[PDB]
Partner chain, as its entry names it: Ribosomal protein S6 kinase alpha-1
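Just the one chain here, the form solved without its partner chain, laid out as structure tokens.
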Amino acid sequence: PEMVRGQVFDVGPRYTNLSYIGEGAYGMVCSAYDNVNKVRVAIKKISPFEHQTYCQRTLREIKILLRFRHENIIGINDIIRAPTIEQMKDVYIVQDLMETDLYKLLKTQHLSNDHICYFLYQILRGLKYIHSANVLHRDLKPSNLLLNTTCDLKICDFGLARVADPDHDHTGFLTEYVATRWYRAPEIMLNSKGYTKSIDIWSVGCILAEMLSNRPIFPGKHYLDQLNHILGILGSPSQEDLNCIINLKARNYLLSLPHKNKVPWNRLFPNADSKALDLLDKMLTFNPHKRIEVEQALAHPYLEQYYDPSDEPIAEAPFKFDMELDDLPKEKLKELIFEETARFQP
């Protein structure tokens, strides 16, 4: 079997001519030539940690990506694993090869207003489908937006995704959170578990700001500093928006802060399109109840060139987890991964 940079990467005979792209969360990522479809593909290796112990996030992502079918969401083309549970160790996930991602592109390239507009449209078009399935992505950020050589955009990494659960969103002040810090909505630090669609719109707003300047808008260095970056631009929340926060420790923290002035969007982004800044303002609203929803964002004047709801498909049914994937013994999780990946065996 074939080897890459000292590590077993055993995907052949179908996939040959491996080139090391980089690392991921559970293993190496490579490109390879697919000898059946006669194109290069991307392949990620997933290895279990310690003793036959996989991660629930691998199962979560496989289940979602196999159910979803959308032009702006990465698909799974193939899954390679041993024919039996006893022999199963590494799992390889084959997907469309994409030239780059928005993190890489923003480190190196100024975006035209036309590119920012088109990228934003495609993010929201994919997000419309995700939210129509009652799913939250929960970790939208530039590195999770793949781009091909013609700037077609696909959302990836559904490892933190969850079914929406607004009735169970409330939590105490300073509740620990898993998703990438710079893209966390203010309410995560105050009173929210990130179980509502508004969590993802905030992340999109952060991405839009980052596309306008090539710099993250709210680069917090630690958990509470993320909130202070947010307030340093939006300014102090209004009395009405504070009254929405019933939790006293969260409320009183905000009341303890000095008054902070709003930084006008046109001063932060002096080169930006005025319609882009009006939409940014609506995505980066402090109060999640006042925050624009995905379908409203699509209908905003900034996206008028692209908006076409008949060409913005939705999911056939809401997505549901059959098992609660945090409850699971490690043997049951391996079994479920084996079963979810069965359709790719010959």
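So that the term is clear: the rigid core is the largest set of C-alpha atoms that superpose within 1.5 Å between two forms. Numbering follows the first chain given and starts at 1.
field: Given 125-133 and 214-222, the range whose Cα B-factors average higher in the PDB entry
entry: Stretch with the greater average CA B-factor: 214-222.
- prompt: As stated in the PDB record, which stretch has the larger average Cα B-factor, 111-119 or 169-177?
  reply: Per the deposited B-factors, the answer is 169-177.
query: Whose C-alpha has the highest temperature factor in the PDB entry: 312, 304, 278, 316?
result: Comparing C-alpha B-factors across 312, 304, 278, 316, the maximum falls on 316.
Per the PDB entry, maximal CA B factor within 58, 53, 296, 287: Largest recorded C-alpha B-factor: 53.
message: How does the C-alpha B factor of residue 29 compare with the rest of the chain: lowest, middle or highest third?
response: As the PDB entry reports it, the C-alpha B-factor of residue 29 lands in the highest third of its chain.
task: Could you say whether, by C-alpha temperature factor, residue 228 belongs to the lowest, middle or highest third of its chain?
output: According to the entry, residue 228 has a C-alpha B-factor in the chain's highest third.
message: Lowest, middle or highest third: which one holds residue 282 when the chain's residues are ordered by CA B-factor from the entry?
response: Lowest third of the chain for residue 282's C-alpha B-factor.
- request: Within this chain's modelled residues, let me know which third the CA B factor of residue 152 belongs to: lowest, middle or highest.
  value: Middle third.
message: Which third, lowest, middle or highest, does the C-alpha temperature factor of residue 62 belong to within its own chain?
response: Middle third, going by the recorded CA B-factors of the chain.
Same protein, other form: the form solved in complex with its partner chain, not shown, and the subject of what follows.
- request: Considering only heavy atoms, tell me if residue 28 and its partner chain come within 4.5 Å of each other in the bound PDB entry.
  value: Judged by the heavy-atom cut-off of 4.5 Å, residue 28 is in contact with its partner chain in the bound PDB entry.
message: Since only the chain is shown here, I'm wondering whether residue 263 would be in contact with its partner chain in the bound PDB entry (any heavy atom pair within 4.5 Å).
response: Residue 263 lies outside the contact set for its partner chain.
task: Classify residue 343 as contacting or not contacting its partner chain in the bound PDB entry by the rule of any non-hydrogen atom within 4.5 angstroms, answering yes or no.
output: Outside the cut-off, so no.
message: At 4.5 Å between heavy atoms, is residue 132 in contact with its partner chain in the bound PDB entry?
response: Contact with its partner chain, no.
Position in contact with its partner chain when the complex is considered in the bound PDB entry, options 276, 189, 161, 211, heavy atoms within 4.5 Å: The residue in contact is 189.
query: Though its partner chain is not shown, can you say which of 244, 85, 234, 151 has a heavy atom within 4.5 Å of it in the bound PDB entry?
result: Of 244, 85, 234, 151, the residue with a heavy atom within 4.5 Å of its partner chain in the bound PDB entry is 151.
- prompt: Among 74-82, 200-208, 235-243, 105-113, which stretch has residues with heavy atoms no more than 4.5 Å from its partner chain in the bound PDB entry?
  reply: It is the stretch 105-113.
message: Need the contact residues for 276-305: heavy atom within 4.5 Å of its partner chain in the bound PDB entry, sequence order, or none if there are none.
response: Only a single residue, 305, comes within 4.5 Å of the partner.
field: Identity of the moved residue from 59, 297, 284, 28, C-alpha shift 2 angstroms or more, core fit between the shown form and the other one
entry: Of all the options, the C-alpha that shifts by at least 2 Å belongs to 28.
query: residue 193: CA shift of at least 2 Å between the shown form and the other one after core fit?
result: Moves: yes, 2 Å or greater.
- prompt: For residue 48, is the CA shift between the shown form and the other one at least 2 Å following rigid-core superposition?
  reply: Result for residue 48: yes, a 2 Å-plus shift.
- prompt: residue 121: with the rigid core matched between the shown form and the other one, does its Cα shift 2 Å or more?
  reply: No, shifts by less than 2 Å.
message: Since the Cα-Cα distance for residue 27 and residue 203 shifts by 3 angstroms or more in the bound PDB entry, is it a contraction (closer) or an expansion (farther)?
response: Relative to this form, closer in the bound PDB entry.
- prompt: Given a CA distance change of at least 3 Å, are residue 216 and residue 24 closer or farther in the bound PDB entry?
  reply: Those two alpha carbons end up closer in the bound PDB entry.
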